[PDB]
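Each remark here refers to the structure printed beneath this line.
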Amino acid sequence: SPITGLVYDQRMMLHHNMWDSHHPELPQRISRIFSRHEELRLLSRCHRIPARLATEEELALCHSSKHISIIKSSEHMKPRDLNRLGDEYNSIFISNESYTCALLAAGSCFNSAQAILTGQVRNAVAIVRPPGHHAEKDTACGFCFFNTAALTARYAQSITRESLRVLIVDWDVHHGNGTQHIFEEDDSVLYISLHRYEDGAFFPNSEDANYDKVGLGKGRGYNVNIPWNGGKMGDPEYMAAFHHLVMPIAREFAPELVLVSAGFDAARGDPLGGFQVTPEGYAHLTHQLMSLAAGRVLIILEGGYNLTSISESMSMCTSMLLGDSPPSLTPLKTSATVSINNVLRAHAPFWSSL
Ligand SMILES: O=C(CCCCCONC(=O)c1nc(-c2ccc(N3CCCC3)cc2)cs1)NO
Ligand SMILES: [Zn+2]
Ligand SMILES: [Zn+2]
Ligand SMILES: [Zn+2]
Ligand SMILES: [Zn+2]
Ligand SMILES: [Zn+2]
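Under the working numbering, think of the first position of the sequence shown as 20, with each following residue one higher.
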């Protein structure tokens, strides 16, 4: 009867860094977001979707059995061994609760996707950790263990039809390399990422994130990278990318389900991103995406490390999902226009609306 679903479970707080309790991927990222939804009176307006563990068979939709095996083995490791295993990846910490939390993150999003696709709710928001989009088929990376968003997209296909057109918009400030690679040869899933690039000087520090990686084989044109260079990007920049690139392509793709890899580390005040997108900015992005897929949008928390900025930003997205009017509203930075024009040029061969 509520149109918007919401999934949050404090067990996902159990994932922690044993050797640095102040690591930015904090447990209270999700609880602060949830707590803010309560303050802004959005929680009463949402249907509460239960969290569940993703099954191993569901993980296998995207991830190798080897990968699965290793992350599962972490459950019964001593601190010394957690430390060792952790340091085999780029930017990873592990606790005994990490695996459960990563399962909970994915399963929550599966339930949310199922609630949308069965008409229980129109749209949903997933306040989950740890994040997902850096997770490859074979490896963890960048605080991510499994690719929640990628898995949810496959889950959706498997409970509907395999050709179900799924759009993934990734506005985390980092490139979702794992998501890109998983669907790199897929024309049924459209990946669109905006991220700080700085010619590969920004994590995850690869040319994979550049505008010229457009997908492979059948997937040619179904991977859209929008890299930012030499600019403190904000609302004008993201609004322009949406108007010129994201929304035109998305409309032409005509998805049946929209998944947002919603990192809020492009927000003003975020220590890792150093960009200045506002909560109102994020609202207007959500609002625009809701014109797709009859409003069937699933917002999935990725990055974002300023507790105030992420709590405010994500609550605003939920407000849009609930059907509220956007809050109101600077000329575009040059380098942003350079970036946009490079992407227009690279994707003109695929999308006629460009
Ligand atoms: O978001 C993600 C995943 C993030 C993975 C990024 C790379 O791996 N790790 C990092 O960069 C880290 N950097 C910090 C850090 C940097 C700057 C500051 N500060 C600058 C000013 C003062 C405070 C504080 C903390 C902690 S770890 N995916 O979407
Ligand atoms: Zn309200
Ligand atoms: Zn991104
Ligand atoms: Zn693709
Ligand atoms: Zn591209
Ligand atoms: Zn990020």
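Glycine included, each C-beta is placed from N, C-alpha and C at the ideal position.
* Could you name the residues whose beta carbon sits closer than 7 Å to any heavy atom belonging to ligand 4, keeping them in chain order? => Taking every residue with its beta carbon within less than 7 Å of a heavy atom belonging to ligand 4 gives, in chain order, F202, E203, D205, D206, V208, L209, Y210, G234, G238, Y241 and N242.
* **Residue of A159, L101 and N130 minimising C-alpha distance to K85** => Checked all of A159, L101 and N130; the closest Cα to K85 is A159.
* DSSP three-state call for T327: helix, strand or coil? -> Residue state, collapsed to three classes: helix.
* Beta-carbon proximity list for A79, same chain, < 6 Å, skipping 5 on both sides -> Taken in chain order, the list of residues that qualify is empty.
* Taking all protein chains shown into account, do 16 or more other C-beta atoms lie within 10 angstroms of the C-beta of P350, making it buried, or fewer, making it exposed? -> Classification for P350: exposed.
* Quick one: does the C-beta of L61 sit closer than 7 Å to a heavy atom of ligand 2? -> Checking every heavy atom of ligand 2 against the Cβ of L61, one is found closer than 7 Å.
* Asked: Does the separation of the CB atoms of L278 and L183 fall below 8 Å?
  -> Going by C-beta atoms, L278 is not nearer than 8 Å to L183.
* Asked: In terms of residue numbering, what span does the beta strand (DSSP E) encompassing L213 cover?
  -> Membership of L213 in the beta strand (DSSP E) is indicated by the continuous run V208 to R215.
* Asked: Around the Cβ of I268, are there at least 16 other Cβ atoms within 10 angstroms (buried) or fewer (exposed)?
  -> When all chains shown are included, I268 counts as buried.
* Could you work out which residue in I329, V296, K352 and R364 is closest to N248 when comparing CA atoms only? => The residue among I329, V296, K352 and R364 with its C-alpha nearest the C-alpha of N248 is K352.
* My understanding is that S88 touches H35, with C-beta atoms under 8 Å, so please give their C-beta distance in whole angstroms. => Between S88 and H35 the beta-carbon gap is near 23 Å, outside 8 Å, which marks them as no contact.
* Residues sharing a beta bridge with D189, DSSP -> In the DSSP secondary-structure assignment, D189 is bridged to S212 and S280.
* Asked: Which two residues bound the contiguous alpha helix (DSSP H) that contains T119?
  -> Residue range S117 to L136 is occupied by the alpha helix (DSSP H) that includes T119.
* For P267, name the three-state secondary structure that DSSP assigns. => Three-state result, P267: helix.
* Should residue 391 be counted as a contact of ligand 5 given a C-beta to heavy atom distance under 7 Å? -> Nothing in the structure corresponds to residue 391, since the chain is present only between 20 and 373.
* Could you tell me whether any non-hydrogen atom of ligand 3 is closer than 7 Å to the CB of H214? => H214: yes, Cβ under 7 Å from ligand 3.
* Asked: Comparing the CB of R64 with every heavy atom of ligand 2, is any distance shorter than 7 Å?
  -> Yes, ligand 2 has a heavy atom inside 7 Å of this Cβ.
* Asked: Excluding five sequence neighbours on each side, which residues of the same chain lie with their C-beta closer than 8 Å to the C-beta of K237?
  -> The answer, listed in chain order, is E204, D205 and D206.
* **Where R51 falls: helix, strand or coil (DSSP)** => DSSP, read as helix, strand or coil, puts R51 in helix.
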